Each structure stands twice: as C-alpha cells, then as structure tokens.
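Novice: Structure in structure tokens, see below.
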Number of protein chains: 2
Amino acid sequence: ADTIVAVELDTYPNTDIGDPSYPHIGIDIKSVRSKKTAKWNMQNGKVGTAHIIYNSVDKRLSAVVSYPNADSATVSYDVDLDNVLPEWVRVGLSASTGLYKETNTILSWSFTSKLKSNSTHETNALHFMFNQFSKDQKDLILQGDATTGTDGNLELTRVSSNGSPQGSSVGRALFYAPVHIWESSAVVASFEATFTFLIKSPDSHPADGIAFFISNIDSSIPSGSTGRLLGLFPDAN
Amino acid sequence: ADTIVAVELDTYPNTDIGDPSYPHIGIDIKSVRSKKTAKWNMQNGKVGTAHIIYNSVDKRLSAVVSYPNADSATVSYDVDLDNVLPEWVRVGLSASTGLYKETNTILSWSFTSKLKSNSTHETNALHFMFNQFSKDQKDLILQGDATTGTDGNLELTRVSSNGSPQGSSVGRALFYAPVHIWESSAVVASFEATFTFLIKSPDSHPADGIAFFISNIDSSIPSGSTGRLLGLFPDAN
Ligand SMILES: [Ca+2]
Ligand SMILES: [Ca+2]
Ligand SMILES: [Mn+2]
Ligand SMILES: [Mn+2]
C-alpha cells in the first residue's frame, strides 16, 4: 500500500469507522481513523482557508481551518515523520463524494519545505504558489476526476456543466517535484501549506471531504477509495 | 529540435564560430552564437557566483558573474520571451569539455519564477534552493556525465578520484518540475537564478564552459554537443 500522512477536512460523519458525530478536521497517520480530531463548523457555499505546519523542532503537525468573521477549528499531533514516511515524498490535495456529494473546489494552494543539515547549517528549500489554475497545468499530476481551468480553479471531484457536484467521485492533484522530507532522525524538514476551498452542496448532508496529504512519490488513488476513504486509503482500518 | 535560451560562462574562445578571442559571458537565443557578450576574467580554482535576472516589464535578460575581491562581468539583452520559448519549460545547468578540460563543479543553485495573471491579477510562483546536492537527488534530472553528492556538490562534467577533469565530457541537471514562463498575451513570468561554481584546470587553456539554460520540457543533450556546443546545441548555426 501507500504510506499516507494527511490533514482531512471531513464533511460527513462516518460514526461506524470512528469519526465523531459532526463535521471535523483530523490528522491521519497511515489510517483514515484520525489520530486527533476537532469539531469543524463547515459553512456550505463559503470560501474557507486551511493552514498546515510541520515544525521539525517539536516534530508537531498542526492545522487551522477558518472562514472570514468566524472562529477557527484546530488540531495538532506529535509525529516523527522520519519514522513514518519515506525520505522522498509527493504532496497533494485529495477529495471524494459517495452517496452524498459536494463541490471540492480549490481556489489557491501554496507549499514551502525547508531541510537544514546540522553539519552545514545551510538549507535546501522548495516553494510553489497557485493563485490560479490553468487548463493544461503541467506542474500538477491530476488523478481520477480532478480537472483544472474552470474559472481558474482546481475541481478535485466531478461537477456537471450546470454546477452540480456528482456522487461516487474521487480526484487528487500532486505537485510534480518530489520533496525531501528527512535525511536522518536528527535532520527533518519543516513545511507549511495553505489552500483556499469552496465546499457547496445542494444536499442537507454534504460529503465526503478534502485532504492535504504527503505520500510515497508513486502514490495512486487506491481501488474503492471513494466516499469516506477520501481517495487516500484502501480500507477503513 | 529543442528551443534553448541560455546564459553562458564560456571559458574557451571558439573564434571560427562567433566567440570573442577571450573568455566571455553571453546571452544565447536559440544559437551558440551569442546575441550579446562581455569579457570575463575567469579565475582558475576559485569559487564564483552567477546571478541571472529576467524582468517581464523591461523585457530584459541580465547576468552578473563575479569573484571575491575582483570585478563583475555583466551582460544584457532586451528579448520578448513569449516570442521564443514554449508556454512551459524546464530550467537547468549544462557544461562540456572537449580537447581541453576543466572541473564544472556547482556548489549551490537557486531559482525563482513569478507570473502575474491579467483577468484576476494574482501571481503563481516556483522557487527552489540547493545549498548541497545528495547522491540520489529526486528533484533533479541528471543527463550525460552529470553526478551529485561528491563533496555535497553537482559535478556537471566527468572528474577522476584525484580531482582531474576529463575531456570529451558533457552533462546537465534540470529541475524536475516544469515552469510556466508566459500566458497568451504579454503576460510573461519574471525569473531569477543564482549558482556558485568552481571551474579548475591543470592547463592554462581551460574548456569549455557552464551555462544556465531554459528548454522545452522534453529537452535532452543534442548528439555531438561536447566541447564548444556546451551540451545545449546540435550545430553551430
Ligand atoms: Ca467521514
Ligand atoms: Ca567557446
Ligand atoms: Mn474523519
Ligand atoms: Mn561563446
């Protein structure tokens, strides 16, 4: 299987697989059963911001999700990324729909990674920033139903031409360049991601969510990973 | 054939193909015959710094090659890069030796690209920075004789264990993620590149040079592009 570390914006409560009974943000370490979650007051049809930090100093993964003029939702987990991920990774955005559906629109995405040797005391770094997505976006690997260029946006899941989102949809976008995330247990990268998103549903119950993830460089959408598996995990274990 | 735009650090006068009769820095638009050149007092065995800038407003490509406690060679040329390069490119470093030979050691390399949209006026950007190269550098495409990780350095051309360069050598390194250099109507990226290099020789005629180049994504070392062609060009037209 793939090795996945993720921050999930989970719209749909799957209580039979350990989700809390409400929309939530979570940190996922090699499992869709979040190691840590916080209640998320998702606003159907509003543009929100996601802010994620891995701080190598504390070995702490952090995520804040917020809407303008509302209080944020936050989650944090201590994890040795050197002991979980391979040395080289791709970073991406994933989304899914199931029986229930939502638009999974990404309007912007930025990422920074810094890896600094103890010996040199000098840093290697990668930064990209998309404020607009292009019809033929060659620095992104699109998987499943993911498309770009509609209103300059990244549509992670299938939307019809009238604007209606579709069920049983999955789609991912990975940055083309692989990212160097550790050299030893003592030298680990810090990174920062931001994205803005628009989750719109006609349904009383939107589903299933958006995730920022780090995987092995050759990661692909697992078979049957629509709905509650967020296009990340082969099963709900 | 490939489309090349390149800034050359040319250490060997090839006077039968347009070179001045001294070492020089040149701006190459689609030809090893520079559009503009400047005399360059190359210092054998000494670490130097190259700074390339392209400004999409002035439409000017500048370069500054410099050495500690010595003068700076600079060269300029106004060009409209939407006239020359494809929408998407790879950026890279190239070097070659021929009959005469030099080390083409790269100690650091950084690049920034910035593309301001027109309909919505938001910017997309790529930045990377290597202060050390490792042995399997998965964000670099190595071509020809180029290797990484010897002294934490990028060796563009073949070198022996004792540290002696070898002739009839050619090598390149391209950043793995392609770069968006222009949008359709006079919306072109500005960019900046910086590298530090050590060109060294037991000769007093070192050859043949190092170049920063921008190419079509699929570009490879042209056949018979050792020595004077800088691993950039197939013919001397
Ligand atoms: Ca769920
Ligand atoms: Ca020459
Ligand atoms: Mn969940
Ligand atoms: Mn020349």
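Ordering of the structure tokens sets the chain letters (A, B, ...), residue numbers begin anew at 1 in every chain, and ligands are numbered from 1 in the order given.
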Please identify all protein, DNA and RNA residues within 10 Å of ligand 4, counting only C-alpha atoms and all ligand atoms, and report them as a PyMOL selection string.
Specialist: chain B and resi 7-15+17-28+31-38+208-209+228-230
Novice: Least-squares fit on all C-alpha atoms, paired in order: put chain B onto chain A and return it as a PDB file with C-alpha atoms, in the first residue's frame.
Specialist:
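Saved file superposed_34.pdb follows:
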ATOM      1  CA  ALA B   1       0.606  -0.096   0.005  1.00  0.00           C
ATOM      2  CA  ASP B   2       1.117   3.737  -0.025  1.00  0.00           C
ATOM      3  CA  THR B   3       2.261   5.594   3.142  1.00  0.00           C
ATOM      4  CA  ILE B   4      -0.102   8.573   3.834  1.00  0.00           C
ATOM      5  CA  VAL B   5       0.149  11.480   6.316  1.00  0.00           C
ATOM      6  CA  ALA B   6      -2.931  13.737   5.811  1.00  0.00           C
ATOM      7  CA  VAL B   7      -4.924  16.629   7.319  1.00  0.00           C
ATOM      8  CA  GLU B   8      -8.630  15.936   6.551  1.00  0.00           C
ATOM      9  CA  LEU B   9     -11.559  18.372   6.160  1.00  0.00           C
ATOM     10  CA  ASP B  10     -14.200  15.641   6.816  1.00  0.00           C
ATOM     11  CA  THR B  11     -17.729  16.929   5.951  1.00  0.00           C
ATOM     12  CA  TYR B  12     -19.604  13.614   6.721  1.00  0.00           C
ATOM     13  CA  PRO B  13     -19.725  11.580   9.974  1.00  0.00           C
ATOM     14  CA  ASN B  14     -18.774   7.903   9.264  1.00  0.00           C
ATOM     15  CA  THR B  15     -19.461   6.848  12.935  1.00  0.00           C
ATOM     16  CA  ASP B  16     -18.991   3.073  12.128  1.00  0.00           C
ATOM     17  CA  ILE B  17     -15.238   3.804  11.300  1.00  0.00           C
ATOM     18  CA  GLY B  18     -14.071   6.213  14.101  1.00  0.00           C
ATOM     19  CA  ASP B  19     -15.499   9.589  12.887  1.00  0.00           C
ATOM     20  CA  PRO B  20     -16.991  11.877  15.559  1.00  0.00           C
ATOM     21  CA  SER B  21     -20.804  12.505  14.901  1.00  0.00           C
ATOM     22  CA  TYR B  22     -20.112  16.086  13.502  1.00  0.00           C
ATOM     23  CA  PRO B  23     -18.045  17.536  10.622  1.00  0.00           C
ATOM     24  CA  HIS B  24     -14.381  17.618  11.836  1.00  0.00           C
ATOM     25  CA  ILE B  25     -10.716  18.295  10.909  1.00  0.00           C
ATOM     26  CA  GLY B  26      -8.320  15.379  11.680  1.00  0.00           C
ATOM     27  CA  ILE B  27      -4.591  14.413  11.488  1.00  0.00           C
ATOM     28  CA  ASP B  28      -4.313  10.974   9.744  1.00  0.00           C
ATOM     29  CA  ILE B  29      -1.065   8.951  10.239  1.00  0.00           C
ATOM     30  CA  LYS B  30      -1.349   5.897   7.880  1.00  0.00           C
ATOM     31  CA  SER B  31      -5.143   5.433   8.614  1.00  0.00           C
ATOM     32  CA  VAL B  32      -8.559   7.165   7.825  1.00  0.00           C
ATOM     33  CA  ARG B  33      -9.106   6.789  11.683  1.00  0.00           C
ATOM     34  CA  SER B  34      -7.664  10.189  12.808  1.00  0.00           C
ATOM     35  CA  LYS B  35      -5.090  10.204  15.682  1.00  0.00           C
ATOM     36  CA  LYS B  36      -6.676  13.579  16.775  1.00  0.00           C
ATOM     37  CA  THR B  37      -9.858  15.479  15.650  1.00  0.00           C
ATOM     38  CA  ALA B  38     -11.572  18.861  16.284  1.00  0.00           C
ATOM     39  CA  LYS B  39     -15.234  19.821  15.609  1.00  0.00           C
ATOM     40  CA  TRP B  40     -15.486  21.953  12.407  1.00  0.00           C
ATOM     41  CA  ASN B  41     -18.537  24.140  11.538  1.00  0.00           C
ATOM     42  CA  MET B  42     -18.301  23.766   7.726  1.00  0.00           C
ATOM     43  CA  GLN B  43     -20.133  26.627   5.893  1.00  0.00           C
ATOM     44  CA  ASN B  44     -21.871  25.418   2.692  1.00  0.00           C
ATOM     45  CA  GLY B  45     -21.213  27.671  -0.354  1.00  0.00           C
ATOM     46  CA  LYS B  46     -18.540  29.863   1.446  1.00  0.00           C
ATOM     47  CA  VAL B  47     -14.782  30.187   0.605  1.00  0.00           C
ATOM     48  CA  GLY B  48     -12.627  28.815   3.510  1.00  0.00           C
ATOM     49  CA  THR B  49      -8.846  28.760   4.296  1.00  0.00           C
ATOM     50  CA  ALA B  50      -6.715  25.804   5.535  1.00  0.00           C
ATOM     51  CA  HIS B  51      -3.200  26.397   7.012  1.00  0.00           C
ATOM     52  CA  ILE B  52      -1.099  23.259   7.884  1.00  0.00           C
ATOM     53  CA  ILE B  53       2.305  23.634   9.659  1.00  0.00           C
ATOM     54  CA  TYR B  54       4.874  20.997  10.710  1.00  0.00           C
ATOM     55  CA  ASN B  55       7.803  22.153  12.867  1.00  0.00           C
ATOM     56  CA  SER B  56      10.807  19.749  12.874  1.00  0.00           C
ATOM     57  CA  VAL B  57      11.986  21.153  16.298  1.00  0.00           C
ATOM     58  CA  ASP B  58       8.643  20.813  18.258  1.00  0.00           C
ATOM     59  CA  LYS B  59       7.871  17.715  15.987  1.00  0.00           C
ATOM     60  CA  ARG B  60       4.208  18.941  15.974  1.00  0.00           C
ATOM     61  CA  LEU B  61       1.718  18.875  13.022  1.00  0.00           C
ATOM     62  CA  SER B  62      -0.963  21.650  13.368  1.00  0.00           C
ATOM     63  CA  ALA B  63      -3.848  22.747  11.072  1.00  0.00           C
ATOM     64  CA  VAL B  64      -6.273  25.769  11.195  1.00  0.00           C
ATOM     65  CA  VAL B  65      -9.469  25.804   9.074  1.00  0.00           C
ATOM     66  CA  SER B  66     -11.275  29.178   9.127  1.00  0.00           C
ATOM     67  CA  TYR B  67     -14.033  31.209   7.392  1.00  0.00           C
ATOM     68  CA  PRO B  68     -14.658  35.006   7.077  1.00  0.00           C
ATOM     69  CA  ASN B  69     -16.288  36.388  10.335  1.00  0.00           C
ATOM     70  CA  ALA B  70     -16.506  32.883  12.005  1.00  0.00           C
ATOM     71  CA  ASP B  71     -14.418  30.822  14.547  1.00  0.00           C
ATOM     72  CA  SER B  72     -11.295  28.733  13.658  1.00  0.00           C
ATOM     73  CA  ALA B  73     -11.179  24.942  14.182  1.00  0.00           C
ATOM     74  CA  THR B  74      -7.552  23.866  14.973  1.00  0.00           C
ATOM     75  CA  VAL B  75      -6.021  20.399  15.670  1.00  0.00           C
ATOM     76  CA  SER B  76      -2.454  19.304  16.766  1.00  0.00           C
ATOM     77  CA  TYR B  77      -0.454  16.013  17.118  1.00  0.00           C
ATOM     78  CA  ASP B  78       3.253  15.435  18.052  1.00  0.00           C
ATOM     79  CA  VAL B  79       4.747  12.926  15.525  1.00  0.00           C
ATOM     80  CA  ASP B  80       8.357  12.161  14.418  1.00  0.00           C
ATOM     81  CA  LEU B  81       7.829  12.038  10.595  1.00  0.00           C
ATOM     82  CA  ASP B  82      11.221  10.281   9.981  1.00  0.00           C
ATOM     83  CA  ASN B  83       9.455   7.311  11.786  1.00  0.00           C
ATOM     84  CA  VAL B  84       6.510   7.388   9.262  1.00  0.00           C
ATOM     85  CA  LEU B  85       7.250   8.763   5.719  1.00  0.00           C
ATOM     86  CA  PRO B  86      10.024   7.818   3.215  1.00  0.00           C
ATOM     87  CA  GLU B  87      13.010  10.231   2.730  1.00  0.00           C
ATOM     88  CA  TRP B  88      11.302  11.570  -0.491  1.00  0.00           C
ATOM     89  CA  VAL B  89       7.519  12.259  -0.871  1.00  0.00           C
ATOM     90  CA  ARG B  90       4.920  14.016  -3.028  1.00  0.00           C
ATOM     91  CA  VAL B  91       2.499  16.565  -1.500  1.00  0.00           C
ATOM     92  CA  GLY B  92      -1.081  16.766  -2.819  1.00  0.00           C
ATOM     93  CA  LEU B  93      -4.786  17.535  -2.398  1.00  0.00           C
ATOM     94  CA  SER B  94      -7.507  14.787  -2.419  1.00  0.00           C
ATOM     95  CA  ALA B  95     -11.351  14.783  -2.347  1.00  0.00           C
ATOM     96  CA  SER B  96     -14.180  12.232  -2.759  1.00  0.00           C
ATOM     97  CA  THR B  97     -18.012  12.113  -2.909  1.00  0.00           C
ATOM     98  CA  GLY B  98     -20.055   8.891  -2.262  1.00  0.00           C
ATOM     99  CA  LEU B  99     -23.865   8.502  -1.947  1.00  0.00           C
ATOM    100  CA  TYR B 100     -23.927  12.168  -0.707  1.00  0.00           C
ATOM    101  CA  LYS B 101     -22.071  14.859  -2.726  1.00  0.00           C
ATOM    102  CA  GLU B 102     -20.355  18.347  -2.544  1.00  0.00           C
ATOM    103  CA  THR B 103     -18.211  20.587  -4.853  1.00  0.00           C
ATOM    104  CA  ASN B 104     -14.521  20.226  -3.818  1.00  0.00           C
ATOM    105  CA  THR B 105     -13.250  23.443  -5.526  1.00  0.00           C
ATOM    106  CA  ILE B 106      -9.655  24.579  -4.704  1.00  0.00           C
ATOM    107  CA  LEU B 107      -9.118  28.294  -5.554  1.00  0.00           C
ATOM    108  CA  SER B 108      -5.482  28.573  -4.277  1.00  0.00           C
ATOM    109  CA  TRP B 109      -2.668  26.334  -2.952  1.00  0.00           C
ATOM    110  CA  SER B 110       0.834  27.142  -1.617  1.00  0.00           C
ATOM    111  CA  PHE B 111       3.515  24.949   0.023  1.00  0.00           C
ATOM    112  CA  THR B 112       6.968  25.588   1.563  1.00  0.00           C
ATOM    113  CA  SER B 113       9.469  22.916   2.769  1.00  0.00           C
ATOM    114  CA  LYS B 114      12.791  23.687   4.591  1.00  0.00           C
ATOM    115  CA  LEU B 115      15.462  21.115   5.553  1.00  0.00           C
ATOM    116  CA  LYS B 116      18.519  22.366   7.618  1.00  0.00           C
ATOM    117  CA  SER B 117      21.606  20.056   7.080  1.00  0.00           C
ATOM    118  CA  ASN B 118      23.732  18.851  10.105  1.00  0.00           C
ATOM    119  CA  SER B 119      27.411  18.382   8.922  1.00  0.00           C
ATOM    120  CA  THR B 120      27.421  21.844   7.135  1.00  0.00           C
ATOM    121  CA  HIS B 121      24.222  23.607   8.573  1.00  0.00           C
ATOM    122  CA  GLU B 122      22.930  25.006   5.182  1.00  0.00           C
ATOM    123  CA  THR B 123      19.186  24.691   4.212  1.00  0.00           C
ATOM    124  CA  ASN B 124      17.534  23.220   1.055  1.00  0.00           C
ATOM    125  CA  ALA B 125      13.996  24.532   0.259  1.00  0.00           C
ATOM    126  CA  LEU B 126      10.994  24.095  -2.122  1.00  0.00           C
ATOM    127  CA  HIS B 127       8.111  26.646  -2.437  1.00  0.00           C
ATOM    128  CA  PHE B 128       5.220  26.844  -4.892  1.00  0.00           C
ATOM    129  CA  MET B 129       2.053  29.008  -5.069  1.00  0.00           C
ATOM    130  CA  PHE B 130      -0.965  28.644  -7.412  1.00  0.00           C
ATOM    131  CA  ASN B 131      -3.499  31.537  -7.204  1.00  0.00           C
ATOM    132  CA  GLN B 132      -5.014  30.257 -10.500  1.00  0.00           C
ATOM    133  CA  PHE B 133      -4.905  26.855 -12.248  1.00  0.00           C
ATOM    134  CA  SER B 134      -4.895  26.589 -16.086  1.00  0.00           C
ATOM    135  CA  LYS B 135      -6.271  23.699 -18.217  1.00  0.00           C
ATOM    136  CA  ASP B 136      -2.886  21.966 -18.853  1.00  0.00           C
ATOM    137  CA  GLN B 137      -1.000  22.629 -15.578  1.00  0.00           C
ATOM    138  CA  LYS B 138       2.271  20.745 -16.308  1.00  0.00           C
ATOM    139  CA  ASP B 139       3.549  21.137 -12.660  1.00  0.00           C
ATOM    140  CA  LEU B 140       0.463  19.147 -11.371  1.00  0.00           C
ATOM    141  CA  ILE B 141      -0.241  15.368 -11.604  1.00  0.00           C
ATOM    142  CA  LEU B 142      -4.061  15.071 -11.878  1.00  0.00           C
ATOM    143  CA  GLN B 143      -5.504  11.668 -10.788  1.00  0.00           C
ATOM    144  CA  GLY B 144      -9.101  10.324 -11.014  1.00  0.00           C
ATOM    145  CA  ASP B 145     -11.823  12.972 -11.640  1.00  0.00           C
ATOM    146  CA  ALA B 146      -9.621  16.064 -10.761  1.00  0.00           C
ATOM    147  CA  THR B 147      -9.590  18.849 -13.459  1.00  0.00           C
ATOM    148  CA  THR B 148      -7.976  22.381 -13.674  1.00  0.00           C
ATOM    149  CA  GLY B 149      -8.918  25.699 -15.394  1.00  0.00           C
ATOM    150  CA  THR B 150     -12.749  25.862 -14.856  1.00  0.00           C
ATOM    151  CA  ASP B 151     -13.001  29.463 -13.366  1.00  0.00           C
ATOM    152  CA  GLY B 152      -9.179  29.314 -13.007  1.00  0.00           C
ATOM    153  CA  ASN B 153      -9.910  26.671 -10.281  1.00  0.00           C
ATOM    154  CA  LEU B 154      -8.877  23.062  -9.362  1.00  0.00           C
ATOM    155  CA  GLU B 155     -12.095  20.872  -9.273  1.00  0.00           C
ATOM    156  CA  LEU B 156     -10.979  17.809  -7.221  1.00  0.00           C
ATOM    157  CA  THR B 157     -14.342  15.896  -7.744  1.00  0.00           C
ATOM    158  CA  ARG B 158     -16.675  15.715 -10.812  1.00  0.00           C
ATOM    159  CA  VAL B 159     -19.065  18.723 -11.308  1.00  0.00           C
ATOM    160  CA  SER B 160     -21.753  19.341 -14.046  1.00  0.00           C
ATOM    161  CA  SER B 161     -21.938  22.453 -16.386  1.00  0.00           C
ATOM    162  CA  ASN B 162     -24.820  23.908 -14.194  1.00  0.00           C
ATOM    163  CA  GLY B 163     -22.479  23.565 -11.118  1.00  0.00           C
ATOM    164  CA  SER B 164     -24.079  20.461  -9.452  1.00  0.00           C
ATOM    165  CA  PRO B 165     -21.627  18.030  -7.771  1.00  0.00           C
ATOM    166  CA  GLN B 166     -21.848  14.264  -8.528  1.00  0.00           C
ATOM    167  CA  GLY B 167     -21.553  11.220  -6.201  1.00  0.00           C
ATOM    168  CA  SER B 168     -19.116   8.251  -6.487  1.00  0.00           C
ATOM    169  CA  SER B 169     -16.381  10.775  -7.529  1.00  0.00           C
ATOM    170  CA  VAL B 170     -12.690  10.878  -6.444  1.00  0.00           C
ATOM    171  CA  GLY B 171      -9.736  13.035  -7.586  1.00  0.00           C
ATOM    172  CA  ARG B 172      -6.291  14.275  -6.487  1.00  0.00           C
ATOM    173  CA  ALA B 173      -3.597  16.768  -7.561  1.00  0.00           C
ATOM    174  CA  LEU B 174       0.080  16.188  -6.636  1.00  0.00           C
ATOM    175  CA  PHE B 175       2.899  18.725  -7.110  1.00  0.00           C
ATOM    176  CA  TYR B 176       5.147  17.269  -9.887  1.00  0.00           C
ATOM    177  CA  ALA B 177       8.557  17.777  -8.100  1.00  0.00           C
ATOM    178  CA  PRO B 178       9.194  15.336  -5.220  1.00  0.00           C
ATOM    179  CA  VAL B 179      10.167  16.867  -1.798  1.00  0.00           C
ATOM    180  CA  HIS B 180      12.994  15.899   0.630  1.00  0.00           C
ATOM    181  CA  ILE B 181      11.219  15.607   4.037  1.00  0.00           C
ATOM    182  CA  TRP B 182      14.073  14.062   6.224  1.00  0.00           C
ATOM    183  CA  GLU B 183      17.850  13.342   6.376  1.00  0.00           C
ATOM    184  CA  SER B 184      19.002  10.170   8.177  1.00  0.00           C
ATOM    185  CA  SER B 185      19.352  11.129  11.883  1.00  0.00           C
ATOM    186  CA  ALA B 186      16.857  13.600  13.388  1.00  0.00           C
ATOM    187  CA  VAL B 187      17.308  16.164  10.520  1.00  0.00           C
ATOM    188  CA  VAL B 188      13.710  16.471   9.267  1.00  0.00           C
ATOM    189  CA  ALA B 189      12.123  19.255   7.171  1.00  0.00           C
ATOM    190  CA  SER B 190       9.667  21.807   8.552  1.00  0.00           C
ATOM    191  CA  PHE B 191       6.808  22.618   6.081  1.00  0.00           C
ATOM    192  CA  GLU B 192       3.699  24.805   5.655  1.00  0.00           C
ATOM    193  CA  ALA B 193       0.741  24.397   3.257  1.00  0.00           C
ATOM    194  CA  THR B 194      -2.156  26.810   2.598  1.00  0.00           C
ATOM    195  CA  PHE B 195      -5.208  26.336   0.336  1.00  0.00           C
ATOM    196  CA  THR B 196      -8.568  28.107  -0.154  1.00  0.00           C
ATOM    197  CA  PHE B 197     -11.621  25.938  -0.953  1.00  0.00           C
ATOM    198  CA  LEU B 198     -15.389  26.216  -1.681  1.00  0.00           C
ATOM    199  CA  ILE B 199     -17.357  23.090  -0.509  1.00  0.00           C
ATOM    200  CA  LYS B 200     -20.995  23.555  -1.796  1.00  0.00           C
ATOM    201  CA  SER B 201     -24.096  21.222  -1.835  1.00  0.00           C
ATOM    202  CA  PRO B 202     -27.840  21.216  -2.671  1.00  0.00           C
ATOM    203  CA  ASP B 203     -28.151  18.625   0.241  1.00  0.00           C
ATOM    204  CA  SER B 204     -27.986  19.452   4.003  1.00  0.00           C
ATOM    205  CA  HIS B 205     -25.803  16.268   4.324  1.00  0.00           C
ATOM    206  CA  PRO B 206     -22.751  17.167   2.133  1.00  0.00           C
ATOM    207  CA  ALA B 207     -19.968  14.543   1.597  1.00  0.00           C
ATOM    208  CA  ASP B 208     -17.311  13.495   1.795  1.00  0.00           C
ATOM    209  CA  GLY B 209     -14.270  15.811   2.341  1.00  0.00           C
ATOM    210  CA  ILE B 210     -10.972  17.393   1.140  1.00  0.00           C
ATOM    211  CA  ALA B 211      -7.491  16.439   2.445  1.00  0.00           C
ATOM    212  CA  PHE B 212      -3.928  17.759   2.231  1.00  0.00           C
ATOM    213  CA  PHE B 213      -1.727  14.596   1.994  1.00  0.00           C
ATOM    214  CA  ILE B 214       1.983  13.580   1.864  1.00  0.00           C
ATOM    215  CA  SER B 215       2.678  10.215   0.089  1.00  0.00           C
ATOM    216  CA  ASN B 216       5.401   7.998  -1.439  1.00  0.00           C
ATOM    217  CA  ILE B 217       6.386   9.577  -4.881  1.00  0.00           C
ATOM    218  CA  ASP B 218       4.560   6.792  -6.882  1.00  0.00           C
ATOM    219  CA  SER B 219       1.233   6.979  -4.834  1.00  0.00           C
ATOM    220  CA  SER B 220      -2.084   6.640  -6.773  1.00  0.00           C
ATOM    221  CA  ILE B 221      -5.847   6.546  -5.878  1.00  0.00           C
ATOM    222  CA  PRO B 222      -6.392   3.258  -3.961  1.00  0.00           C
ATOM    223  CA  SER B 223      -9.074   0.916  -5.453  1.00  0.00           C
ATOM    224  CA  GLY B 224     -12.567   1.601  -3.916  1.00  0.00           C
ATOM    225  CA  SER B 225     -11.377   4.815  -2.144  1.00  0.00           C
ATOM    226  CA  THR B 226     -14.458   6.949  -3.090  1.00  0.00           C
ATOM    227  CA  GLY B 227     -16.743   8.452  -0.374  1.00  0.00           C
ATOM    228  CA  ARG B 228     -15.439   7.954   3.192  1.00  0.00           C
ATOM    229  CA  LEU B 229     -11.856   6.888   2.217  1.00  0.00           C
ATOM    230  CA  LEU B 230     -11.057  10.411   0.758  1.00  0.00           C
ATOM    231  CA  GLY B 231      -9.064   8.972  -2.240  1.00  0.00           C
ATOM    232  CA  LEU B 232      -6.291   8.353   0.374  1.00  0.00           C
ATOM    233  CA  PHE B 233      -6.810   4.777   1.760  1.00  0.00           C
ATOM    234  CA  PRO B 234      -7.711   1.272   0.438  1.00  0.00           C
ATOM    235  CA  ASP B 235      -9.372  -0.076   3.670  1.00  0.00           C
ATOM    236  CA  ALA B 236     -10.807   1.563   6.868  1.00  0.00           C
ATOM    237  CA  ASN B 237      -8.165  -0.028   9.255  1.00  0.00           C
TER     238      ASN B 237
END
Novice: Using DSSP secondary structure from the backbone, list all helix (DSSP H, G or I) positions within chain B, as a list in words.
Specialist: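 DSSP-assigned helix (DSSP H, G or I) residues in chain B: residues 15, 16, 17, 81, 82, 83, 227, 228 and 229 of chain B.
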Novice: Taking C-alpha atoms for each residue, export the selection above as a short mmCIF file (atom, residue, chain, number, x, y, z; two decimals), in the first residue's frame.
Specialist:
data_model
loop_
_atom_site.label_atom_id
_atom_site.label_comp_id
_atom_site.auth_asym_id
_atom_site.auth_seq_id
_atom_site.Cartn_x
_atom_site.Cartn_y
_atom_site.Cartn_z
CA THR B 15 36.79 32.26 -32.89
CA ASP B 16 35.71 30.22 -36.03
CA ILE B 17 32.05 30.21 -34.65
CA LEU B 81 10.45 35.51 -24.36
CA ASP B 82 6.80 34.76 -25.39
CA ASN B 83 8.26 35.14 -28.99
CA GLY B 227 33.24 20.88 -26.19
CA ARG B 228 32.18 24.17 -27.83
CA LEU B 229 28.41 23.35 -28.08
#
Novice: Per DSSP on the backbone, filter chain A down to the residues in strand (DSSP E or B) and report them as a count of residues only.
Specialist: 108
